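Trainee: My questions will all concern the structure given below.
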Amino acid sequence: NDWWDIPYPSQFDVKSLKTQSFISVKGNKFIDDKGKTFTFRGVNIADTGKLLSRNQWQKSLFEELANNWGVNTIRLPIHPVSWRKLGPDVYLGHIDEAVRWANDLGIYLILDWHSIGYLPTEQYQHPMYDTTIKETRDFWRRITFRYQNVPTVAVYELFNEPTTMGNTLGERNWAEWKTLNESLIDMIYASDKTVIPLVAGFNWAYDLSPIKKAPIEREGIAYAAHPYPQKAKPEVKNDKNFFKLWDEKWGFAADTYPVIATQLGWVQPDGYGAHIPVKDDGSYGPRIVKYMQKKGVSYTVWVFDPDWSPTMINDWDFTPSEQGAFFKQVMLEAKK
Amino acid sequence: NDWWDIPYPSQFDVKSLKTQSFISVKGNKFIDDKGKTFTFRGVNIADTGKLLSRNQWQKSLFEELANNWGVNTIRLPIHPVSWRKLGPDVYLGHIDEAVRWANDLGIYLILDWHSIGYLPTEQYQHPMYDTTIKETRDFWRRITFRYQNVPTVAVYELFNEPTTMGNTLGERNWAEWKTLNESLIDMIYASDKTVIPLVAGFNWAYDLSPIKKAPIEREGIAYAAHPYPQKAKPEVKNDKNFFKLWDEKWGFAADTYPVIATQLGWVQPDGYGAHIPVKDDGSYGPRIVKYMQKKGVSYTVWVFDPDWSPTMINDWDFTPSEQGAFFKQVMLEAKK
Amino acid sequence: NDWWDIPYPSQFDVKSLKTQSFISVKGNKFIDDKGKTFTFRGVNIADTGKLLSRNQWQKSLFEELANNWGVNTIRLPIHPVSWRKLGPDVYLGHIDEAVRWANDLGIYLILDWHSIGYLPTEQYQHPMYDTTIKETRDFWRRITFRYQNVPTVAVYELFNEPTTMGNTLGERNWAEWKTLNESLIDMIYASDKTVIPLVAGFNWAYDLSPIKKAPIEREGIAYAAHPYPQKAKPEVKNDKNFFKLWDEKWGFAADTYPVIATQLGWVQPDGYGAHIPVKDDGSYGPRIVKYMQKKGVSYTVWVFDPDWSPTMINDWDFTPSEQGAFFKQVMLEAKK
Ligand SMILES: OC[C@H]1O[C@@H](O[C@H]2[C@H](O)[C@@H](O)[C@H](O[C@H]3[C@H](O)[C@@H](O)[C@H](O[C@@H]4[C@@H](O)[C@H](O)O[C@H](CO)[C@H]4O)O[C@@H]3CO)O[C@@H]2CO)[C@H](O)[C@@H](O)[C@@H]1O
Ligand SMILES: OC[C@H]1O[C@@H](O[C@H]2[C@H](O)[C@@H](O)[C@H](O[C@H]3[C@H](O)[C@@H](O)[C@H](O[C@@H]4[C@@H](O)[C@H](O)O[C@H](CO)[C@H]4O)O[C@@H]3CO)O[C@@H]2CO)[C@H](O)[C@@H](O)[C@@H]1O
Ligand SMILES: OC[C@H]1O[C@@H](O[C@H]2[C@H](O)[C@@H](O)[C@H](O[C@H]3[C@H](O)[C@@H](O)[C@H](O[C@@H]4[C@@H](O)[C@H](O)O[C@H](CO)[C@H]4O)O[C@@H]3CO)O[C@@H]2CO)[C@H](O)[C@@H](O)[C@@H]1O
Ligand SMILES: [Cl-]
Ligand SMILES: [Cl-]
Ligand SMILES: [Cl-]
Ligand SMILES: [Mg+2]
Ligand SMILES: [Mg+2]
Ligand SMILES: [Mg+2]
């Protein structure tokens, strides 16, 4: 009742972590603080609240991924509805757990403010993604204060998937989106300059082409890409044609800035949760991996969860799905 | 609890309706899809929630109006407080009923986002009208998706009565209001181009004069006018002087665009719920009807309800008030 | 349940007050309506809700201050969280009490919308200060309507302490802040032109220097200053060096506009609730009083409360603290 006695917030205790290299941006590459080139390779897990509700928010989950799936990175898709439902204090307390778990395993976290829609008009694809510019700023303000100087938390992915859904949500306007990302980056850098902001384009974070002429005017950032199989639609389906289309919309970015494909994956058109744009016969797997390997692109596969699709696992015993078995071997081999 | 299992929305089933002409804008006229000039002539009823609370939300209400009062149109004043109180899903479910009822009777609906105040500062005449730009956009987003390709729903009246109340609510600024209406129209047209947006001026939707120099830069729209009796204040009260004042503030619009007088009416200064600007000795009735007839102006009288004033009916047996008996005969004669 | 029956608001009954001079702005001075120069000299009390919760919201509080502490002014720091918690109707009802109490004692009130942070991004120092541009406008709309033509309520302090906290809350931008204050002033002046708006600069209302080149372009306003002891940091601590630094950041304003130091005070570095920027050995007391006396600056000391620091009183028997005993004698002597 005494609102005047509500405490000011505290910061994560960095002394509680074991030594872990910071990742930073240098030119078009990530590097660690030993100066070695670094690639994020890993997976999304589900929202923290979804996992808690079925008692699957456990260090054992992180251990499975680190020990058996070859990941060096986990992306946490923090859904605004879940952020509100647990409330900031409880959600941050669970993020703290993820930090300790990842640190102990020597892996890194991408914190993703997981909305879909058009923030400047505050209209979204679905209520679970609902937010405001105010809440979005406040999220990043809180996150940046709490995890200041924490090497485990490497990337702040400002807004998962910008889209206006054919301008039903507003008029897509690069200049206003650019300005807003720059505004968020400024709040972040005022609080912690050691973190990597990740910025996305339109068409559900597929289209980075506006940065050819109007890149975000801030240093030390990276760009997101979500190159699902059906985003590029060549008439003739082969490596060369897909590569050219990917080149044009997002791959070119990797020549100048670091790029993380923070969502990618596929399921068979008749498989579990099959929907546009994730339907593929499986030929996309080797093709996107080859493409990313050639361009030095980082990635986190969607999704290491048995309910949300396309799945990497069919159950909580971690039985691999088609894409799961494929990416697991890719990541194990890369780790070598 | 599982927010991730909350369904995506569905659209009204157009196959459930009987054949009904679409109304569209051509130049300064409405026409039906047989190419014949069309005039909206009808009434407002109360907010859906008010009617539900006294069990008056019934097809019989629509039947009374269509069969005995000669209407071809009903305006639904959706109050934002009621929208929130029933919640979108339940409110839309009742709008669905209105659509089926009106369609069956061969009449049309105007959906009116019924707020009073200044949306750009989000300040209003009364809490019952309280909203935000975000909620207003979301309302129109939901409405346009749900009633796509539904002929019965003819007009989307974006914001009932713009006013700053002597600039106590903000600084009235045509350019910012124009831009915001254009933004809403763009969201709507991205989703359904077969609907007619209705745009209002300041001074409680009385003053359209800014469109002489700066009309909304979008095709297929109409303009609202609320010419209550005491809005124009000639020193000498006659046809000629009122006509000239109406000409100057709103009637001129009918020369170039279609105009719907979506609110109009009167009660005696000593009658039920008498207040500025609806007080009149009754001479306004024939005068506004003559004026509208000469200019081909569409109209929906306020209000076909026994509680809200000025009333068209004194009870739920539909006993006519003074203005009610007057307008009933006007509409019956026009229908012939 | 019947939202349509929710009453429109009413105004404070001015006939309930005894005769009391209006205070107005003339050049760089306040004057009363007898044309005599006037200086606000008094204190802050705690938020109305805090006082109510411990049964300390009583006329006896105002009587103690007027009769024994020599005040002619009390500042009410209305915290947005408390505004929401009591709700506008109940909070305004208690403000009405303060008005009657102050009027009877011949003292004046400053109503302070008591937030800390950056309103244009709606990010704040602490949740208790949380608000929006919409809520802030609505507060001033309600206040200005209710207390129209009430001499007892002299000053509307638009936003207590603007700060971006090292730009962690947003990018401080004088031009956008200026525009927003002008917008609030316009809402206020549209409703009551007899009230004095009080505008603040950045750095927790310490830095008025932007008004040298870009003052608020409205007449009849005053400027706030919060010159706590540790805001100016001269290497050599004496009258001359502090005076020069105060001159440069806020004191210059008093040459052209009226200035009210609506928060000021100190506690010993080892005293109760000691924190930056209010720690001082006590030499600040005579120095700030001398400075303000020379420049004709008005002031309300923070704070006449035994819980909130720095205190003027150590208990509810009004036992004076160090700064309390000091300021009490200053105010008693000035009153003579
Ligand atoms: O968050 C929990 C939820 O996630 C679900 O997956 C999401 C997925 O994360 C998201 O990327 C995906 O977005 C797609 C849209 O749904 C889809 O409409 C859109 O299609 C467009 C077409 O409309 C357009 O014509 O063409 C392009 C290219 O073909 C296409 O993108 O594509 C985007 C992605 O780019 O939405 C998913 C949900 O539908 C999980 O499936 C679910 O289990 C979880 O609850
Ligand atoms: O929504 C449920 C509610 O509706 C009530 O009627 C409303 C009516 O719909 C609305 O148009 C009307 O607005 C008027 C303002 O109330 C009135 O103040 C304003 O007056 C101005 C003057 O202030 C100005 O000086 O001059 C002009 C011209 O004379 C004048 O307009 O006029 C507007 C309309 O233009 O408000 C009504 C409520 O007061 C029902 O009466 C009620 O039963 C329902 O609950
Ligand atoms: O509202 C109830 C609450 O009030 C508490 O006092 C507030 C006080 O009213 C407010 O002015 C004060 O603001 C100070 C900030 O807290 C402080 O961080 C800031 O420091 C900056 C430094 O960060 C900067 O480096 O330098 C400058 C100059 O030295 C300095 O200002 O200073 C501002 C004031 O200018 O915050 C108090 C709370 O911390 C009561 O103490 C409490 O009991 C009540 O509950
Ligand atoms: Cl898009
Ligand atoms: Cl107006
Ligand atoms: Cl500041
Ligand atoms: Mg970090
Ligand atoms: Mg339609
Ligand atoms: Mg006053």
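Just remember, in the structure tokens the first chain shown is A, the second B, etc., residues are 1-based per chain, and ligands are 1-based in the order shown.
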Could the residues of chain B that have an atom at most 9 Å from chain A be listed as a Markdown table, each with its closest atom pair and the distance in Å to one decimal, counting only C-alpha atoms and ordered by chain and ascending residue number?

Mentor:
```
| residue | atom | partner | partner_atom | distance |
| --- | --- | --- | --- | --- |
| B:2 | CA | A:50 | CA | 7.6 |
| B:3 | CA | A:128 | CA | 6.3 |
| B:4 | CA | A:128 | CA | 6.8 |
| B:6 | CA | A:128 | CA | 8.1 |
| B:7 | CA | A:126 | CA | 8.8 |
| B:8 | CA | A:126 | CA | 7.0 |
| B:9 | CA | A:126 | CA | 8.9 |
| B:133 | CA | A:121 | CA | 8.4 |
| B:134 | CA | A:122 | CA | 6.2 |
| B:137 | CA | A:123 | CA | 7.7 |
| B:138 | CA | A:123 | CA | 6.7 |
| B:141 | CA | A:168 | CA | 7.1 |
| B:183 | CA | A:170 | CA | 7.3 |
| B:184 | CA | A:170 | CA | 8.2 |
| B:186 | CA | A:170 | CA | 7.4 |
| B:187 | CA | A:168 | CA | 4.8 |
| B:188 | CA | A:168 | CA | 7.0 |
| B:189 | CA | A:168 | CA | 8.1 |
| B:190 | CA | A:168 | CA | 5.2 |
| B:191 | CA | A:168 | CA | 5.9 |
```

Trainee: Can you spit out the residues from that selection as a PDB file, in the first residue's frame, using N, CA, C and O atoms?

Mentor:
```pdb
ATOM      1  N   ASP B   2      -3.236 -20.256 -21.397  1.00  0.00           N
ATOM      2  CA  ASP B   2      -2.316 -20.483 -22.490  1.00  0.00           C
ATOM      3  C   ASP B   2      -2.618 -19.461 -23.578  1.00  0.00           C
ATOM      4  O   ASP B   2      -3.389 -19.706 -24.505  1.00  0.00           O
ATOM      5  N   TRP B   3      -2.004 -18.292 -23.423  1.00  0.00           N
ATOM      6  CA  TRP B   3      -2.170 -17.192 -24.366  1.00  0.00           C
ATOM      7  C   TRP B   3      -1.733 -17.578 -25.777  1.00  0.00           C
ATOM      8  O   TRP B   3      -2.231 -17.035 -26.750  1.00  0.00           O
ATOM      9  N   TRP B   4      -0.821 -18.540 -25.890  1.00  0.00           N
ATOM     10  CA  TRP B   4      -0.365 -18.988 -27.206  1.00  0.00           C
ATOM     11  C   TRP B   4      -1.425 -19.800 -27.957  1.00  0.00           C
ATOM     12  O   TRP B   4      -1.247 -20.082 -29.136  1.00  0.00           O
ATOM     13  N   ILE B   6      -4.703 -18.760 -27.955  1.00  0.00           N
ATOM     14  CA  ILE B   6      -5.775 -17.823 -28.286  1.00  0.00           C
ATOM     15  C   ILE B   6      -5.933 -17.743 -29.812  1.00  0.00           C
ATOM     16  O   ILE B   6      -4.970 -17.422 -30.518  1.00  0.00           O
ATOM     17  N   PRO B   7      -7.144 -18.038 -30.325  1.00  0.00           N
ATOM     18  CA  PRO B   7      -7.353 -18.123 -31.775  1.00  0.00           C
ATOM     19  C   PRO B   7      -7.120 -16.813 -32.496  1.00  0.00           C
ATOM     20  O   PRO B   7      -7.343 -15.767 -31.916  1.00  0.00           O
ATOM     21  N   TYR B   8      -6.676 -16.893 -33.749  1.00  0.00           N
ATOM     22  CA  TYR B   8      -6.754 -15.772 -34.679  1.00  0.00           C
ATOM     23  C   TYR B   8      -8.215 -15.514 -35.050  1.00  0.00           C
ATOM     24  O   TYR B   8      -9.023 -16.430 -35.025  1.00  0.00           O
ATOM     25  N   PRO B   9      -8.555 -14.258 -35.398  1.00  0.00           N
ATOM     26  CA  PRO B   9      -9.950 -13.904 -35.650  1.00  0.00           C
ATOM     27  C   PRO B   9     -10.487 -14.412 -36.987  1.00  0.00           C
ATOM     28  O   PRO B   9      -9.726 -14.724 -37.908  1.00  0.00           O
ATOM     29  N   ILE B 133      -5.615   6.728 -29.738  1.00  0.00           N
ATOM     30  CA  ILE B 133      -5.331   6.495 -31.135  1.00  0.00           C
ATOM     31  C   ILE B 133      -5.122   4.997 -31.354  1.00  0.00           C
ATOM     32  O   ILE B 133      -5.637   4.431 -32.320  1.00  0.00           O
ATOM     33  N   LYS B 134      -4.408   4.346 -30.442  1.00  0.00           N
ATOM     34  CA  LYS B 134      -4.185   2.899 -30.556  1.00  0.00           C
ATOM     35  C   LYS B 134      -5.493   2.083 -30.581  1.00  0.00           C
ATOM     36  O   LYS B 134      -5.663   1.178 -31.426  1.00  0.00           O
ATOM     37  N   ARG B 137      -7.512   2.830 -33.853  1.00  0.00           N
ATOM     38  CA  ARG B 137      -6.965   2.052 -34.964  1.00  0.00           C
ATOM     39  C   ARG B 137      -7.339   0.578 -34.859  1.00  0.00           C
ATOM     40  O   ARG B 137      -7.700  -0.049 -35.845  1.00  0.00           O
ATOM     41  N   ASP B 138      -7.216   0.021 -33.661  1.00  0.00           N
ATOM     42  CA  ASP B 138      -7.513  -1.390 -33.455  1.00  0.00           C
ATOM     43  C   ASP B 138      -9.001  -1.703 -33.695  1.00  0.00           C
ATOM     44  O   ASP B 138      -9.339  -2.762 -34.226  1.00  0.00           O
ATOM     45  N   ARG B 141      -9.366  -1.697 -37.475  1.00  0.00           N
ATOM     46  CA  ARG B 141      -8.682  -2.894 -37.974  1.00  0.00           C
ATOM     47  C   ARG B 141      -9.570  -4.126 -37.832  1.00  0.00           C
ATOM     48  O   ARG B 141      -9.721  -4.915 -38.775  1.00  0.00           O
ATOM     49  N   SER B 183      -4.718   8.348 -42.327  1.00  0.00           N
ATOM     50  CA  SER B 183      -4.037   7.179 -41.792  1.00  0.00           C
ATOM     51  C   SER B 183      -5.034   6.045 -41.495  1.00  0.00           C
ATOM     52  O   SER B 183      -4.787   4.877 -41.833  1.00  0.00           O
ATOM     53  N   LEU B 184      -6.155   6.384 -40.862  1.00  0.00           N
ATOM     54  CA  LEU B 184      -7.221   5.401 -40.625  1.00  0.00           C
ATOM     55  C   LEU B 184      -7.785   4.875 -41.955  1.00  0.00           C
ATOM     56  O   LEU B 184      -7.975   3.684 -42.118  1.00  0.00           O
ATOM     57  N   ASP B 186      -6.305   4.600 -44.782  1.00  0.00           N
ATOM     58  CA  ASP B 186      -5.311   3.716 -45.374  1.00  0.00           C
ATOM     59  C   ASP B 186      -5.335   2.305 -44.754  1.00  0.00           C
ATOM     60  O   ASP B 186      -5.213   1.312 -45.483  1.00  0.00           O
ATOM     61  N   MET B 187      -5.497   2.218 -43.429  1.00  0.00           N
ATOM     62  CA  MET B 187      -5.650   0.918 -42.749  1.00  0.00           C
ATOM     63  C   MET B 187      -6.878   0.195 -43.254  1.00  0.00           C
ATOM     64  O   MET B 187      -6.841  -1.008 -43.486  1.00  0.00           O
ATOM     65  N   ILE B 188      -7.969   0.944 -43.408  1.00  0.00           N
ATOM     66  CA  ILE B 188      -9.228   0.387 -43.867  1.00  0.00           C
ATOM     67  C   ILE B 188      -9.135  -0.102 -45.309  1.00  0.00           C
ATOM     68  O   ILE B 188      -9.508  -1.244 -45.597  1.00  0.00           O
ATOM     69  N   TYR B 189      -8.649   0.759 -46.205  1.00  0.00           N
ATOM     70  CA  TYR B 189      -8.568   0.429 -47.626  1.00  0.00           C
ATOM     71  C   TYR B 189      -7.560  -0.693 -47.913  1.00  0.00           C
ATOM     72  O   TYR B 189      -7.732  -1.447 -48.876  1.00  0.00           O
ATOM     73  N   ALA B 190      -6.527  -0.816 -47.079  1.00  0.00           N
ATOM     74  CA  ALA B 190      -5.632  -1.965 -47.158  1.00  0.00           C
ATOM     75  C   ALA B 190      -6.369  -3.280 -46.897  1.00  0.00           C
ATOM     76  O   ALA B 190      -5.905  -4.328 -47.319  1.00  0.00           O
ATOM     77  N   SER B 191      -7.506  -3.223 -46.196  1.00  0.00           N
ATOM     78  CA  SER B 191      -8.245  -4.421 -45.778  1.00  0.00           C
ATOM     79  C   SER B 191      -9.553  -4.630 -46.553  1.00  0.00           C
ATOM     80  O   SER B 191      -9.910  -5.759 -46.857  1.00  0.00           O
TER      81      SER B 191
END
```

Trainee: Could you list, as a list in words, all the residues within 6 Å of ligand 3, counting only C-alpha atoms and all ligand atoms?

Mentor: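 After applying the 6 Å limit, what remains is residues 4 of chain A; 204, 230, 231, 276, 277, 308 and 309 of chain C.
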
Trainee: Keeping only C-alpha atoms, write those residues as a PDB file, in the first residue's frame.

Mentor:
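Written out: again_11.pdb:
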```pdb
ATOM      1  CA  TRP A   4       6.637   5.397  -1.496  1.00  0.00           C
TER       2      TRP A   4
ATOM      3  CA  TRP C 204      15.805  17.498 -12.173  1.00  0.00           C
ATOM      4  CA  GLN C 230      25.181  19.341  -4.309  1.00  0.00           C
ATOM      5  CA  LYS C 231      23.837  20.387  -7.755  1.00  0.00           C
ATOM      6  CA  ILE C 276      22.899  12.953  -3.149  1.00  0.00           C
ATOM      7  CA  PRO C 277      22.140  15.760  -3.877  1.00  0.00           C
ATOM      8  CA  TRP C 308      10.259  11.734   3.600  1.00  0.00           C
ATOM      9  CA  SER C 309      13.746  13.233   3.510  1.00  0.00           C
TER      10      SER C 309
END
```

Trainee: Please, which residues of segment 90-251 of chain B, numbered as in this document, come out strand (DSSP E or B) from DSSP, as number ranges by chain?

Mentor: B: 108-113, 116-118, 123-124, 153-157, 161-162, 196-199, 207, 222-224

Trainee: Taking only C-alpha atoms and all ligand atoms and a cut-off of 6 Å, can you tell me which residues surround ligand 9, written as a list in words?

Mentor: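 The residues near ligand 9 are residues 149, 150, 151, 152, 153, 154 and 195 of chain C.
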
Trainee: Select the residues contacting ligand 7 at a distance of at most 10 Å, based on only C-alpha atoms and all ligand atoms, then format the selection as a ChimeraX atom specification.

Mentor: /A:22-24,108-110,143-144,146-156,192-196

Trainee: Restrict the selected residues to N, CA and C atoms and save them as a PDB file, in the first residue's frame.

Mentor:
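Result saved to selection11.pdb:
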```pdb
ATOM      1  N   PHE A  22      33.313 -11.527 -23.533  1.00  0.00           N
ATOM      2  CA  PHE A  22      32.366 -10.638 -24.188  1.00  0.00           C
ATOM      3  C   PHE A  22      32.453 -10.799 -25.701  1.00  0.00           C
ATOM      4  N   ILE A  23      31.291 -10.734 -26.348  1.00  0.00           N
ATOM      5  CA  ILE A  23      31.194 -10.704 -27.800  1.00  0.00           C
ATOM      6  C   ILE A  23      30.946  -9.261 -28.224  1.00  0.00           C
ATOM      7  N   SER A  24      31.619  -8.840 -29.284  1.00  0.00           N
ATOM      8  CA  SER A  24      31.449  -7.487 -29.776  1.00  0.00           C
ATOM      9  C   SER A  24      31.423  -7.469 -31.292  1.00  0.00           C
ATOM     10  N   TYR A 108      25.793 -18.311 -24.790  1.00  0.00           N
ATOM     11  CA  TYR A 108      25.323 -16.929 -24.806  1.00  0.00           C
ATOM     12  C   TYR A 108      23.823 -16.851 -25.036  1.00  0.00           C
ATOM     13  N   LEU A 109      23.241 -15.732 -24.620  1.00  0.00           N
ATOM     14  CA  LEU A 109      21.807 -15.500 -24.749  1.00  0.00           C
ATOM     15  C   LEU A 109      21.536 -14.327 -25.671  1.00  0.00           C
ATOM     16  N   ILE A 110      20.531 -14.481 -26.518  1.00  0.00           N
ATOM     17  CA  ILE A 110      19.924 -13.371 -27.226  1.00  0.00           C
ATOM     18  C   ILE A 110      18.567 -13.113 -26.567  1.00  0.00           C
ATOM     19  N   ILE A 143      15.934  -4.066 -18.799  1.00  0.00           N
ATOM     20  CA  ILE A 143      16.880  -5.102 -19.209  1.00  0.00           C
ATOM     21  C   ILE A 143      18.312  -4.573 -19.210  1.00  0.00           C
ATOM     22  N   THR A 144      18.509  -3.390 -19.783  1.00  0.00           N
ATOM     23  CA  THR A 144      19.850  -2.843 -19.926  1.00  0.00           C
ATOM     24  C   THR A 144      20.469  -2.499 -18.562  1.00  0.00           C
ATOM     25  N   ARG A 146      19.630  -3.959 -15.630  1.00  0.00           N
ATOM     26  CA  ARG A 146      19.811  -5.167 -14.852  1.00  0.00           C
ATOM     27  C   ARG A 146      21.017  -5.989 -15.285  1.00  0.00           C
ATOM     28  N   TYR A 147      21.249  -6.090 -16.599  1.00  0.00           N
ATOM     29  CA  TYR A 147      22.312  -6.956 -17.131  1.00  0.00           C
ATOM     30  C   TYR A 147      23.545  -6.189 -17.609  1.00  0.00           C
ATOM     31  N   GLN A 148      23.745  -5.000 -17.047  1.00  0.00           N
ATOM     32  CA  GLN A 148      24.912  -4.193 -17.366  1.00  0.00           C
ATOM     33  C   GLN A 148      26.171  -4.994 -17.090  1.00  0.00           C
ATOM     34  N   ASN A 149      27.098  -4.981 -18.055  1.00  0.00           N
ATOM     35  CA  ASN A 149      28.389  -5.634 -17.894  1.00  0.00           C
ATOM     36  C   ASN A 149      28.284  -7.155 -17.689  1.00  0.00           C
ATOM     37  N   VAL A 150      27.254  -7.777 -18.267  1.00  0.00           N
ATOM     38  CA  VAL A 150      27.074  -9.231 -18.182  1.00  0.00           C
ATOM     39  C   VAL A 150      27.390  -9.873 -19.529  1.00  0.00           C
ATOM     40  N   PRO A 151      28.523 -10.601 -19.620  1.00  0.00           N
ATOM     41  CA  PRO A 151      28.972 -11.093 -20.931  1.00  0.00           C
ATOM     42  C   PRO A 151      28.036 -12.137 -21.536  1.00  0.00           C
ATOM     43  N   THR A 152      27.355 -12.874 -20.668  1.00  0.00           N
ATOM     44  CA  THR A 152      26.468 -13.950 -21.069  1.00  0.00           C
ATOM     45  C   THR A 152      25.323 -13.441 -21.942  1.00  0.00           C
ATOM     46  N   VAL A 153      24.850 -12.236 -21.656  1.00  0.00           N
ATOM     47  CA  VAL A 153      23.769 -11.640 -22.411  1.00  0.00           C
ATOM     48  C   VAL A 153      24.395 -10.795 -23.522  1.00  0.00           C
ATOM     49  N   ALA A 154      24.426 -11.350 -24.733  1.00  0.00           N
ATOM     50  CA  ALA A 154      25.220 -10.790 -25.835  1.00  0.00           C
ATOM     51  C   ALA A 154      24.471  -9.829 -26.748  1.00  0.00           C
ATOM     52  N   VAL A 155      23.190 -10.111 -26.978  1.00  0.00           N
ATOM     53  CA  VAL A 155      22.427  -9.426 -28.007  1.00  0.00           C
ATOM     54  C   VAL A 155      21.050  -9.019 -27.505  1.00  0.00           C
ATOM     55  N   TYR A 156      20.691  -7.767 -27.788  1.00  0.00           N
ATOM     56  CA  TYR A 156      19.384  -7.192 -27.489  1.00  0.00           C
ATOM     57  C   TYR A 156      18.628  -7.022 -28.807  1.00  0.00           C
ATOM     58  N   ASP A 192      24.375   0.798 -21.155  1.00  0.00           N
ATOM     59  CA  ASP A 192      25.404  -0.237 -21.336  1.00  0.00           C
ATOM     60  C   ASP A 192      25.884  -0.263 -22.802  1.00  0.00           C
ATOM     61  N   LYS A 193      27.132   0.130 -23.038  1.00  0.00           N
ATOM     62  CA  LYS A 193      27.698   0.141 -24.396  1.00  0.00           C
ATOM     63  C   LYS A 193      28.359  -1.160 -24.808  1.00  0.00           C
ATOM     64  N   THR A 194      28.348  -2.159 -23.931  1.00  0.00           N
ATOM     65  CA  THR A 194      29.020  -3.430 -24.213  1.00  0.00           C
ATOM     66  C   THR A 194      28.101  -4.473 -24.846  1.00  0.00           C
ATOM     67  N   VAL A 195      26.834  -4.121 -25.050  1.00  0.00           N
ATOM     68  CA  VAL A 195      25.811  -5.030 -25.585  1.00  0.00           C
ATOM     69  C   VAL A 195      25.624  -4.799 -27.083  1.00  0.00           C
ATOM     70  N   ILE A 196      25.157  -5.816 -27.805  1.00  0.00           N
ATOM     71  CA  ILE A 196      24.925  -5.700 -29.255  1.00  0.00           C
ATOM     72  C   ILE A 196      23.428  -5.567 -29.571  1.00  0.00           C
TER      73      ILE A 196
END
```
